[PDB]
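Given as structure tokens, the chain that follows is alone and in the form deposited in one PDB entry.
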């Protein structure tokens, strides 16, 4: 029953700016989106907005932008007297509801989504008398504010002179048309996009600049239906008309469709009724959040996908990342498997294929960021599309969870080959020393190297920034140490490839931190990163590797290999199954032999040193750069021996290391590069926390995992309030940072509800 969970997130708001941002540039209100639609709605905040759902949020290809404060807001007149209504408004999973109550007239408005482009409003009017209905709307004028305060006096029309918004009428409603705007970071339209309003009765619409007023007379009680459609191309506009007509012909079919779909999400999803009411509401919040970030096919992305946040400054539209998808799809397999499947298809739909025009050397590669608009390199004008790096190998894990739920063999058959191609890419383009253990690295890209193939880097000394190129040059510079710091685009890309941007283990340490490290008796050379080019015997530059093998990716590949073997077995490929099991076993051996340090009782990346060690390992574990969440990856993924897991868990539970106010953060308190304000050098993310708890359970420490989950529930700020889900937490204070409505936080909070709030 969706009605048991009213207002889990605050969805009220009356936007006054196209960009009505919070402190960190995210839209500061939380509109309701469903069915992968490309528009969203808010609840009225009071008398000024009652009668409508203010703040039509448009997803303009890659960004969320508000269109209007009031739009299609109802006012009711009875014999020339304006009805003064009492307002009650709330959200439930799958709907917005607004009730307007007066003596002689009552209105109940229920807003649900009907198609991937269309929301449906039921306006149920009860009256003992005929009434005159007036709907009004006005497009926004002002561009941008922060925390409700204008950032400039720019106007929408001033900033985007080609936008040239215009309202037009039809017999059953109205529409807004939009000119072509290609503002790479702000506002992207085709020139054919429209926002259409159609109703189940004729209305008389007048237009005055960027305002409208529509009228209708009714003889008494009636239920009216209204469709709202954001359509992004001429082809979408044409296709949606038949759906709109069907919706207005049989609105009950669509309302029931949405009611039933949401009853199923909650029935399948809420499988821990012994959780506390507050814990259950957190799960419901997570479900609402995940489904709201789902987007239907659009532009270059021909599948339903899920983005990190529909309200996010840089996460909105249909911008899609691989390891976000793997995590989200894993969680959503347990309540919305149809879309989990789609999301996985969306990512792999842009896997690099043989003969690729841009990077034929990268067959099997999965781009880091795909979106509506292709990059200039692929013939589009998209500024977000990114092929500098991929993300870690969690794909097979998510594919197999969708199979576990659906038991659909056709699914395994379609994904298996894409998973294999991805695996093969790692081993061709990210294994410099040919030992079957991957490195993180960087593709051949304008960001990383010259046209002729020389790696870029910048030397900084005082106020000087000296851009340079060439690996030979880089090696000479670092041996010599004549600089204050270095900026290396390939290093940044390697950290992005791990998903842990600017993490300590990849050589990221601030000047003060490094100075303290050296003062304490460490060497500056302990933090220098080395690189190698990966080149085929025929001269083709494949990319760059960090001369470092990372324990998380080794562990993820280990489990990925075992899932591949499970898929091969299901598909009657016994030899391929054997090969993946054997590859998995070798990775476990390497992880335990090379990446485990018995002295500090933890796992670490290893260097690829000039010569291998006596035990065959590429180099020693990088104990100097401190402990991080990669250290429990061998537990999560099942690579660790029991003895090694025993050791790791002791460190996890040590308040000196990871057992902080909010525990299991992204660097131990003992890590020389730790900061409680640094995203991937101390802050706690829900994915890495849950990976830790699952790792603990896998090796016999479930009871300890339950205690850490309880500590998280008590100390993570905002968890039981009605605010949107964010990205991470301060490990010392529990304070939140990051984009609101963040998908993988929602994913892993949901799985924490499922697995560890018990």
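Take the two forms, find the largest set of C-alpha atoms that superpose within 1.5 Å, and that set is the rigid core. Residue numbers count along the first chain shown, from 1.
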query: Entry-level comparison of average CA B-factors, 598 to 606 and 78 to 86, reporting the higher stretch; finding: 78 to 86
query: Comparing 359 to 367 with 267 to 275, the one whose average Cα B-factor in the PDB entry is higher; finding: 267 to 275
query: From 646, 533, 549, 654, residue of greatest CA B-factor; finding: 533
query: Peak C-alpha temperature factor (PDB record), options 632, 195, 527, 372; finding: 527
query: CA B-factor placement of residue 425, once the chain's modelled residues are sorted into thirds; finding: middle
query: Lowest, middle or highest third - CA B-factor, residue 720; finding: highest
query: Third of the chain's Cα B-factor distribution that residue 178 belongs to, per the entry; finding: lowest
query: Chain third (lowest, middle, highest) by recorded CA B-factor, residue given as residue 122; finding: lowest
query: Residue 416 - which third its CA temperature factor falls in, relative to the rest of the chain; finding: highest
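The same protein also exists as the form deposited in another entry; that form is not shown, yet it is the one meant from here on.
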item: Residue among 464, 267, 245, 217 whose Cα moves 2 Å or more between this form and the one not shown, once the rigid core is superposed; value: 464
item: Shift of residue 97 between this form and the one not shown at or above 2 Å (CA, core fit); value: no
item: C-alpha of residue 230 off by 2 Å or more between this form and the one not shown on rigid core; value: no
item: Rigid-core frame, C-alpha of residue 488, shift of 2 angstroms or more between this form and the one not shown; value: yes
